[PDB]
Amino acid sequence: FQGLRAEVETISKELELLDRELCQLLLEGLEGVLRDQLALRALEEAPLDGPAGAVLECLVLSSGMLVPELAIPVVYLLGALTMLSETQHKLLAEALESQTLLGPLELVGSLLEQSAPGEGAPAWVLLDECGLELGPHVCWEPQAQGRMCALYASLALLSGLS
Amino acid sequence: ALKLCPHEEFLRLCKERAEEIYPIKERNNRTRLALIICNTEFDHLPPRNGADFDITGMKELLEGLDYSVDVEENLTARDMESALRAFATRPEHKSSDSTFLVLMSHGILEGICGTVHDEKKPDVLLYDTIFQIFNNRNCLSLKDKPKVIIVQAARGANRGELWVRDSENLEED
Amino acid sequence: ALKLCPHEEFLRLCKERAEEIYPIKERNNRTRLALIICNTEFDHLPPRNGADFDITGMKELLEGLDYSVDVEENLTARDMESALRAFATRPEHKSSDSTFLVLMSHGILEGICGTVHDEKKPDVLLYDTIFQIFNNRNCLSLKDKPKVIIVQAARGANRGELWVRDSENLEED
Amino acid sequence: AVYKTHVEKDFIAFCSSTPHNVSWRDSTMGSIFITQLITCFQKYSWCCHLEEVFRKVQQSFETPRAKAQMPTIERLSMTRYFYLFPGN
Amino acid sequence: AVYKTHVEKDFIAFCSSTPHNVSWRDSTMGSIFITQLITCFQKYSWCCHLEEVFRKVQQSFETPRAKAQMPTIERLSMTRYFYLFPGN
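Residues numbered from 1 in each chain as written, not as in the entry; some residues may be left out. Chains lettered and ligands numbered in written order. Heavy atoms only, no water.

Peer 1: Before we go on, may I ask you to explain the overall build of chain A in this structure?
Peer 2: Helix and strand counts for chain A stand at eight helices and zero strands. What you see in chain A, going N to C, is helices and strands ordered as α-α-α-α-α-α-α-α. Computed over its C-alpha atoms, the radius of gyration of chain A comes to 16 Å, within 12% of the 15 Å expected for a compact globule of 162 residues. Scored against the burial criterion, the 162 residues of chain A give a buried share of 38%. Only carbon and sulfur atoms are counted for the fraction: they give 57% of the accessible area of chain A, which is about 9,600 Å². Mean positive and mean negative side-chain charge positions of chain A (7 and 24 charges, respectively) differ by 2 Å. (Helix = DSSP H or I, 4+ residues; strand = E, 2+ residues; numbered from the N terminus. Rg over C-alpha atoms; globule rule 2.2 N^0.38 Å. Buried < 20%, exposed > 50% of the residue type's maximum accessible area, 1.4 Å probe, protein only. Areas by Shrake-Rupley, 256 points an atom, 1.4 Å probe, with all protein chains shown as cover. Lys, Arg positive; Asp, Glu negative; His and termini not counted. Charge placed at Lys NZ, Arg CZ, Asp CG, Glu CD.)

Peer 1: Sorry if this is basic, but what is going on with the interface of chain E and chain B here?
Peer 2: You'll often see interface size given as the accessible area lost when the parts meet. The interface is formed by 55 residues belonging to chain E together with 66 residues belonging to chain B. For the pair chain E and chain B, the summed buried surface comes to about 5,900 Å²; carbon and sulfur atoms form 56% of the total. Inspection of the region where chain E meets chain B yields five salt bridges. Note that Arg-155 of chain B is salt-bridged to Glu-74 of chain E, the shortest N-O span being 2.7 Å. Summed over the shared surface of chain E and chain B, the number is 38 residue pairs in polar contact. When contributions to the side of chain E that touches chain B are tallied by element, the ones reaching two or more residues are β1 (2–6), β2 (11–15), β3 (24–26), β4 (30–31), α1 (32–44), α2 (50–60) and β5 (72–74) of chain E. When residues of the side of chain E that touches chain B are assigned to their parent elements, the largest contribution, six residues, is made by α1 of chain E. (Contact = heavy atoms within 4.5 Å. Buried area = accessible area lost by both parts, 1.4 Å probe. Salt bridge = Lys/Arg side-chain N within 4 Å of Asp/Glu carboxyl O. Polar contact = N/O pair within 3.5 Å; in protein donor to acceptor, adjacent residues only side chain to side chain.)

Peer 1: Got a minute to help me understand helix α3 (residues 77–88) of chain B in this structure?
Peer 2: Each turn of an α-helix holds 3.6 residues, which means side chains three or four residues apart point in the same direction. All names here are of chain B. Helix length check: α3 (12 residues) gives 16 Å between terminal C-alpha atoms against 16 Å at 1.5 Å per residue, within 8%. Within the sequence span of α3, burial applies to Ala-77, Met-80, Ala-83, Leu-84, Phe-87 and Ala-88. Angular distribution of buried residues about the axis of α3 spans 135°; they occupy a single face of the element. Buried residues in α3 make contact with β1 (33–38), β2 (68–73), β3 (99–104), β4 (111–113), β5 (124–126) and α4 (127–134). (Expected span 1.5 Å × (residues − 1). Arc of directions from axis to C-beta.)

Peer 1: Looking at this structure, how should I read the pattern of salt bridges?
Peer 2: Where side chains of opposite charge bring their charged atoms close, a pairing between them can arise. Using the criterion set out here, one finds 42 salt bridges over all chains in the structure. Across the salt bridge formed by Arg-85 of chain B and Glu-81 of chain B, the nearest N and O atoms sit 3.8 Å from each other. Of this pair, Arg-85 of chain B and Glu-81 of chain B are both found in helix α3, four residues apart, which corresponds to roughly one turn of the helix. The exposure class assigned to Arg-85 of chain B is partly exposed, which follows from its relative accessible area of 41%. According to the relative accessible area criterion, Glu-81 of chain B is partly exposed, its value standing at 26%. Of the charged contacts in the structure, one is a salt bridge between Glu-51 of chain D and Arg-55 of chain E, with a shortest N-O distance of 2.4 Å. Separated into two different chains, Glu-51 of chain D in helix α2 (residues 50–60) and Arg-55 of chain E in helix α2 make up a pair that spans both. Just as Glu-51 of chain D is buried, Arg-55 of chain E falls in that class too. One salt-bridge network, held together by shared partners, links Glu-14 and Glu-69 of chain A, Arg-159 and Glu-161 of chain B, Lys-4 of chain D together with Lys-67 of chain E.

Peer 1: Can you walk me through the sheet that holds β4 of chain E in this structure?
Peer 2: Strand pairing in a sheet takes place through backbone hydrogen bonds and is either antiparallel or parallel in direction. Taken together, the three strands give an open sheet; going across it, the order is β8(B)-β3(E)-β4(E), and neighbouring strands pair in antiparallel fashion. Both outer strands of the open sheet, β8 (170–172) of chain B together with β4 of chain E, are each paired with one neighbouring strand and no more. Note: β3 of chain E against β4 of chain E, two bridges, orientation antiparallel. The residue of β4 of chain E that forms the bridge with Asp-26 of chain E is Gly-30 of chain E. (Pairing = 2+ DSSP bridges.)

In short, the description is geometric, and any link to function would need to be established separately.
Have a look at this one:
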């Protein structure tokens, strides 16, 4: 967990250096990329417009060249988001629009620390999409570790822009 | 190379800007002193390789400005404080008109790091300590004389760059 | 009275020192803003008597320098911070070229005191907070524009006088 | 497009007293620091930039009439000279 | 007799980076801050005082290529201009 949190902070610290207006335009573009997976599949091949087009305008210069100091953090965020389902993606943007990322990030970090190896609750939804047995319930199944670690990165990186 | 000031402009400035500029001792009877402290090797911090180039450059520059340059390398916070108080007590400043203090090491916002500095074992010299050493109370030979403190120590771990709408072979101190 | 620079020297200076001086927006289409914060009455400190004369003097001076002067008095540390972000977010700075921030209160090496400040109950606005508010990250309308912070608050409270070999009716801030 | 810039730039702070020291202010006259600053601005703004005016202030504070204080400049990030050009 | 003087006076500190920020250094070329300061001294010492030379340094650090740095002046207590007069 400590090595995972350090791997997250090495990118979260470098995304705090992005501008306030650029963080809002990046957040607006990613919330738009949510609704349309047509933008998600084009990252591996990668001017354009739209949700990913707005994100593209955030990470290019006057000549359109990529900024590796800013493209790599976005590549790492998309790499942690691909391990999650579209239901988890849409619930993450629900937490984005509600601007209450402190609660779920705190709970995921507290769980992730303990695990060294209910119905109608988004966290439970979130945990049901992860693959846990819901009903305290400290019982942890390792089959969902990677998605929860990717969820933690999908949470902390957004808090770095909050 | 370091360009020199012609004799005309030096004297004209001394005539027409007497009360606005700091006085100068006679070149014949002057003893300008400067001090350089530079920590390059550490036990828990990456090495500051290449600082030797900065040491010789500053030393040669200050020598061109007619300064006797003292050099200290790789010291602890106690040794750095002791070296500073020893430099402040040297009597040649009575025959001097100014001084330079070139500090080069890792640092934080509070001050400059020593050789054996760590987050758990902090070995740091505060910037306020320097001004305390060279103020008019502890150093009386440099009263009413310029005191130039040129430091190179990063003061935070955050980069100092942003991004606004419209080489790479260097280490970080 | 405030003497003015003739138009000729203004135009010549901008011509011969273009890359060395900060640019100026045309006086006709300019919206220079300045901010004054001044705490005079406190709950645990004596009041900064006469401060207003300083208040009126600074206001008239900045108006002579073609600045629209907003004035705030007797705020808490939270209220002072809130007023500062509100001033930093004002859109007239996009049509301005500079800004002034005049703050008058008692202060500590760390910053400036509010109205409800005490040793056990500190109400203090930090200097670092100001730079955080008006840096290029939080304030983008004042990018590449001068930012003048004129403060009057002793930061140590230990008299700043000595004695070396060779009126008085005022309170202390 | 996007370009690189600094986080901190073009800053200048003029404090009434040196660190750990007292700033003075008179009940009948206001504060000495502000009074001298206003006087130096009235006399030198038309020909000296802001930083040069701050020197004229400090020049007036060399010998201490009665109380002794020295205004100091801190966190100076300006890369250019700021001429105010009064009347322009 | 005995007279009054200030506790702090005639100080000037030139730091390689703004607060909370990183200073850079190249193995083969030394440090960017020291190299620029030395170059500005070689080019402007004979006609510009110490503070004016420091401005020339900051001007060279205005627009930033690759990594961005801004050397800042702090605790400026000088009441006069310090011309070095190289060669005199």
